[PDB]
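Here's the structure, in structure tokens; my notes come after.
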Amino acid sequence: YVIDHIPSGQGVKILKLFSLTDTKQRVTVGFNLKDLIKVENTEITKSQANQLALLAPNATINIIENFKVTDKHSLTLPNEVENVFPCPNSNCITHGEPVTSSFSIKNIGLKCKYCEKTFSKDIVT
Amino acid sequence: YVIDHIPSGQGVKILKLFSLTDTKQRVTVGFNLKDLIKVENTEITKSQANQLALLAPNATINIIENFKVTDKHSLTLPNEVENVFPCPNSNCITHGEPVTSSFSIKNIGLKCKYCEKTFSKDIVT
Amino acid sequence: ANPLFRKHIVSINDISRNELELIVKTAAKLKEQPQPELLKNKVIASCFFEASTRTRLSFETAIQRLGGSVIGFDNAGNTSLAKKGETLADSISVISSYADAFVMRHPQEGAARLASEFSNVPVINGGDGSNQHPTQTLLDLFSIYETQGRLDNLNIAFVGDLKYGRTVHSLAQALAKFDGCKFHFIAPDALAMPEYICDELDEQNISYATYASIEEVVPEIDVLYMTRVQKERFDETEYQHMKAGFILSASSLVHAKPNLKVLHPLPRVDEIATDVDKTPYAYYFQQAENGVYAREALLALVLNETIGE
Amino acid sequence: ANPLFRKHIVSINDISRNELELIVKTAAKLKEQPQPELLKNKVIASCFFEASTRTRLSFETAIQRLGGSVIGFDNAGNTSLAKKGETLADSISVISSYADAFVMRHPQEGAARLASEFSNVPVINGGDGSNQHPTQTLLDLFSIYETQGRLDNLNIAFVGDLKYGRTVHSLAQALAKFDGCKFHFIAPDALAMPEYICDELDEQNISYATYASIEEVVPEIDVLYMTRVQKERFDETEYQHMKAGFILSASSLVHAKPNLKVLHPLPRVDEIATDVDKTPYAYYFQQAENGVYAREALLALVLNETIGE
Amino acid sequence: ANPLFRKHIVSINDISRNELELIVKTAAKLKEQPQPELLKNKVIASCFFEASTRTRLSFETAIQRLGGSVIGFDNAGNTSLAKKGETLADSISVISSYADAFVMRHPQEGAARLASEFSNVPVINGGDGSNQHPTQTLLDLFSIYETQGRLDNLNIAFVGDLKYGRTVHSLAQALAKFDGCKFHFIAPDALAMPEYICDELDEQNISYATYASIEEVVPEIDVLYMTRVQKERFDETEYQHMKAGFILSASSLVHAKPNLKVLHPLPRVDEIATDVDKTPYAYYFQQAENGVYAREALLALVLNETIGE
Amino acid sequence: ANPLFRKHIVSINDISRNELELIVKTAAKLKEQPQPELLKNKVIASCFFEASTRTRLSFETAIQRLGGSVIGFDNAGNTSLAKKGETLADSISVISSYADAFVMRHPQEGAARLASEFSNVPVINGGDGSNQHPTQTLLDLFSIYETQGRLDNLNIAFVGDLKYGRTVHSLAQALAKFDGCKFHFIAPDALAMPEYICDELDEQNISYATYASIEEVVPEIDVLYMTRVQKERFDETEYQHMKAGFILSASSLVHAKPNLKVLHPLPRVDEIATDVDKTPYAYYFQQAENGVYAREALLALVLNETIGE
Ligand SMILES: [Zn+2]
Ligand SMILES: [Zn+2]
């Protein structure tokens with residue numbers, strides 16, 4: 001697959017926060033043109049595609065199977081954000097502890113699974 | 001310029017720790033083939049090239065000026081490592097404070113400018 | 001089996017109207033016709049990382065009233081636990097092992113949720129920072145139920161610090177799961193009920209309105225909920241000026257409905273005057289005691305499929 | 001009578017192989033088929049002059065598990081005991097006389113032995129400074145037995161601080177009373193197993209050896225007892241170098257045999273990585289839980305002439 | 001202008017042989033023919049984040065002996081500073097403003113270096129964690145110089161905790177910048193002089209050797225440097241056993257060279273016996289006093305281009 | 001005599017425009033040409049019943065800068081003063097009688113006024129609870145004067161906590177005694193400048209306005225007085241939202257005029273980003289340094305009939 005229309009400067013953040021450089025499979029990235037990413041021999045659901053939406057609000061996700069496009073997922077805000085962002089609440093139990101960060105997505109707000117406080121989408125980044 | 005022969009998995013770390021994705025100028029990266037980076041319209045000294053040596057021990061640094069190679073810097077360990085790595089000493093003043101991390105490079109050891117303790121090159125990463 | 005059987009009790013927001021009714025009903029039987037063997041040979045862990053005496057004695061009384069045993073502590077300073085590097089998770093995982101249920105209070109928000117993920121035994125949230133304190137709301141609703149004979153269609157005044165009063169936020173939210181309650185809010189302009197709580201109430205077709213005084217609304221009120229209007233929230237000149245109109249006295253109650261019950265979650269300093277205690281409406285001490293029976297009900301339903309009479 | 005009936009439990013030194021075996025066999029029996037009235041109408045003192053939450057709760061659960069009651073304290077912080085002039089001897093004389101058994105923990109070595117000479121009632125050393133913590137060793141023996149089906153002829157590794165780690169010393173000492181365990185010592189040069197422990201092992205005809213790394217011995221090991229590498233006996237530069245060698249990750253157990261179990265007397269901090277928890281070899285949390293049954297069995301055997309299981 | 005004029009004094013490793021000689025020479029004139037106006041109308045900041053009385057009184061005496069004024073504090077607990085979010089950097093930047101030089105002691109390693117980067121006024125390192133304590137070494141060298149009439153070609157015994165004794169590491173390092181010193185090391189096997197310090201000494205063509213006893217080397221020794229052999233570094237049985245052979249008594253000194261001076265950086269408990277005090281060799285109290293004159297010298301050279309007689 | 005000779009300095013309320021001007025003009029004079037013997041043979045009490053390091057050291061430097069001496073304390077923690085029963089009145093009567101002037105700081109409002117009625121010697125209010133801190137305002141006026149060449153006809157912005165920020169209140173109050181300053185208030189709705197300050201401004205014919213953001217007003221502003229946004233008057237959810245609007249970065253000053261100066265009474269934590277430090281507009285560290293000269297001038301004017309500059 002290949003992810004297009006990513007904002008320049010927020011695209012580096014995808015590689016890091018989603019550990020896309022982790023498999024043996026080849027991965028390519030171009031910064032400024034907008035950033036862009038291509039990912040050789042790996043699958044991804046329309047579900048998991050949406051995790052990205054938080055960082056690149058309006059970004060095309062195309063897929064290579066057989067040297068050309070087969071499908072073109074466009075992203076919406078998902079229900080959940082499993083371990084991407086730390087909770088802005090300093091007191092939150094999440095912090096020193098062996099758990100995965102998690103927010104429900106609600107005016108676009110993010111609500112901590114744990115402390116249950118609610119933050120503006122931007123304050124989380 | 002373009003940096004070759006980078007270990008696969010430590011190459012992502014270069015982009016992050018050295019903020020190579022920061023200028024307007026175009027930047028391209030390929031993971032696994034070894035990682036690799038190309039940097040459109042930016043200059044770099046033989047001095048600054050060496051900062052990288054810590055992460056990719058044996059890595060070729062070629063330079064494009066005019067669609068083809070002009071020079072080929074090969075890296076040695078430099079004297080200094082200005083803000084790349086945090087100091088492994090938990091008590092070190094460096095930690096909460098508005099200063100740049102810094103080690104002298106000495107059996108390949110790293111010696112904190114601040115606390116003056118000395119760490120094995122690996123323990124720092 | 002009742003819906004709470006083997007469930008974690010972390011948040012009032014995860015307890016439904018039916019469940020809330022089931023809890024207050026169970027709390028009534030255990031109060032009136034007690035069942036001192038319902039937790040025979042059960043060992044209940046009572047871990048108060050943050051000290052809360054009123055609450056802890058309440059739970060510990062509930063546990064033993066039902067035939068259970070107690071283990072645990074009263075604060076973390078008296079402990080050797082969660083020391084330096086040592087996770088809360090590890091601590092829960094171990095103490096959990098010891099017990100059939102894990103009651104915990106903690107200074108940090110989310111600590112009961114975390115606990116529920118590292119315990120094979122049902123955790124009860126005794127209070128996690130500024131987030132949840134479900135059993136407080138449960139004893140509040142039980143007291144309303146018990147004295148009013150219903151939870152539907154009651155007139156409720158909430159008085160004091162509505163803004164940061166986490167106890168009212170839940171009580172309001174909870175009674176909002178019912179029909180026809182009309183809420184009355186009496187606070188300083190700086191301590192109004194949160195915008196977000198009001199949206200909830202609007203989503204849930206519930207009347208609320210603000211009033212300048214307590215007296216103003218007494219003729220119309222079935223339940224009067226007083227919170228604590230703390231000194232921290234302004235400076236001196238402000239507190240002194242604002243405090244006057246948010247203190248309840250017996251004279252305030254001259255036009256009370258004969259069924260009016262005054263509640264306060266405690267502690268209480270000047271906010272309810274001493275002369276209220278003797279009046280037929282004072283129910284804050286009965287309410288505190290109802291902490292035992294609400295927490296019994298919850299422990300009981302959590303550990304027993306069904307409960308008899 | 002069983003051999004332990006009415007005996008004081010002070011040191012692992014005065015508990016024979018046969019007694020150890022009976023304790024673990026009894027733990028196993030009690031864990032399979034609890035006996036919730038064994039200590040019925042028995043009152044058990046639990047006096048922790050030095051805080052030990054995991055231990056204290058472990059004991060208190062066991063007592064109550066068997067139908068007994070508990071009196072005492074959890075840190076000498078709150079107590080008015082042994083203040084300016086008053087002997088521990090006097091204190092023990094009074095408190096033991098309230099009770100049928102006397103579980104204590106103390107910061108001064110010899111304190112359980114002294115207790116036993118002033119209590120008319122059996123005392124259980126819950127820990128006395130750097131000297132003994134028998135029930136820890138007993139819970140460690142039980143967990144081995146439970147997962148290996150025996151205590152003879154086992155390959156045990158001990159990792160971390162073997163110089164000052166009293167828990168490894170008593171465990172090595174206990175296992176050394178059994179047949180043909182071969183011990184494997186993995187620790188920094190600066191924290192090698194002490195000279196005198198090693199002599200005792202020679203005298204008990206028990207093979208030991210030193211290894212550089214955990215990973216080296218993993219495929220030939222049944223029990224990996226991890227302890228903490230404390231930074232006190234080093235400085236910052238030392239620790240940060242010497243720690244890396246003695247941290248146990250999921251990656252380290254890749255060549256484990258199926259029956260391998262990872263023990264740690266807890267708390268862990270980073271000497272066992274999080275990712276070991278889910279692996280089939282982790283048994284430290286079960287080990288902690290087995291503290292209850294080990295202490296159940298000791299209390300039982302000490303106070304009951306027979307276990308009519 | 002002298003080489004230290006307007007310089008920061010952070011590390012003994014940044015002070016050269018000439019500079020060290022210049023300091024001890026200046027310290028001698030200021031001790032013997034004092035100059036009470038050398039810091040007239042200078043205000044010196046004395047900031048002890050970590051409490052060190054011996055050192056602080058020393059500096060404060062030095063400052064005022066030279067005509068200077070003192071501002072600052074004795075620990076951080078008595079302060080309103082470096083609170084919660086507030087950087088050390090900000091704190092230095094402000095207090096620096098007040099003063100013509102900034103003396104500081106701090107629990108954290110590197111704090112004097114950081115300070116030197118946020119102060120427009122020369123900082124003197126009063127001690128930064130386990131890292132540097134230059135003025136201690138400076139008073140040590142001054143005392144050697146003063147009593148020996150040289151710093152070149154002296155026989156020096158270092159006794160006690162050589163491993164973690166940061167004072168010996170510097171003194172050894174410093175005298176290694178000179179010619180022909182031969183070092184003698186007396187410690188437990190566990191507290192030997194660091195491998196890295198020995199490499200330095202080898203790089204610097206300096207004789208060292210280890211000995212089993214103090215007495216063994218006394219006939220050959222000009223200076224005897226006793227450090228403190230702390231209880232922390234072993235358990236009890238170890239300390240008790242090892243302490244005996246590292247205590248100095250008057251009888252130890254029966255074969256002393258008549259020029260032998262016993263030093264100890266203080267405090268001292270059992271490590272030097274009381275009967276040594278009366279002997280012609282005891283110089284630890286004179287050495288402590290030499291803290292004033294070493295710190296005078298340093299403050300003087302730091303703030304005055306040149307210094308006269 | 002100057003107007004302040006022998007006067008008590010209790011409140012900014014009782015210091016006229018003319019007196020303020022003379023104080024700042026005197027600071028400027030003393031900073032240009034120190035007078036190191038003005039307070040020769042004068043002993044100055046510096047009694048900080050409440051710790052204030054930056055303030056205390058600021059004062060103590062000033063005293064000693066002028067040739068005076070200092071007696072006193074830095075927190076009432078150490079003192080044996082005003083313990084169980086003993087009046088502050090008595091304490092002040094004794095200590096002031098030791099001295100020629102009496103600098104104090106106290107946690108109870110009115111404490112400097114009381115002091116002035118029991119001291120036969122002038123008292124300088126170094127701070128009395130939430131009431132006054134005149135020398136802070138004076139050091140703030142000086143720094144304005146120093147960088148703007150005047151105090152009339154200035155565009156000043158105040159950012160942060162304007163509801164409870166006493167330093168902005170007295171500063172606004174001081175500047176309001178001068179001609180034609182227009183104030184700009186940038187703060188959360190919940191921390192607007194208080195009603196009563198605003199009335200005083202109307203009565204002093206002084207334009208003020210409210211703005212949403214710092215950046216809005218920057219190009220039309222000469223002084224940007226930053227204060228801290230404390231989380232107490234909010235909860236976690238509030239702060240984390242409301243903080244962002246009132247943090248000053250290098251980016252915020254891009255359209256600054258050249259004479260713009262950023263003031264903060266310190267400590268800062270994150271309300272001024274690190275990257276402002278190097279910008280030409282930062283004057284908070286210079287402001288702190290100017291605390292010495294402001295306090296020099298007050299002490300001078302209070303104790304010396306004339307400054308024979
Ligand atoms: Zn959270
Ligand atoms: Zn460091």
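Ordering of the structure tokens sets the chain letters (A, B, ...); residue numbers start at 1 within each chain; ligands are numbered from 1 in the order shown.
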Show me a table, sorted first by chain and then by increasing residue number, of the residues of chain A having an atom at most 7 Å from ligand 1, each with its shortest atom pair and the distance in Å to one decimal, counting only C-alpha atoms and all ligand atoms and written as a tab-separated table.
```
residue	atom	partner	partner_atom_place_in_ligand_line	distance
A:87	CA	ligand 1	1 (Zn)	4.6
A:88	CA	ligand 1	1 (Zn)	6.8
A:89	CA	ligand 1	1 (Zn)	5.4
A:92	CA	ligand 1	1 (Zn)	4.5
A:93	CA	ligand 1	1 (Zn)	6.8
A:94	CA	ligand 1	1 (Zn)	6.1
A:112	CA	ligand 1	1 (Zn)	4.6
A:113	CA	ligand 1	1 (Zn)	6.8
A:114	CA	ligand 1	1 (Zn)	5.2
A:115	CA	ligand 1	1 (Zn)	4.2
A:116	CA	ligand 1	1 (Zn)	6.3
A:117	CA	ligand 1	1 (Zn)	6.4
```
May I have all residues of range 233-269 of chain F that DSSP, computed from the backbone, assigns to alpha helix (DSSP H), given as a VMD selection string?
chain F and resid 236 to 242
Check which residues fall inside 12 Å of ligand 2 when counting only C-alpha atoms and all ligand atoms, and print them as a count of residues only.
43
Up to 6 Å from chain B, what residues of chain A turn up? Count only C-alpha atoms and give them as a ChimeraX atom specification.
/A:26-32
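Atom pair CA of residue 8 in chain E / CA of residue 93 in chain E: separated by 15.1 Å.
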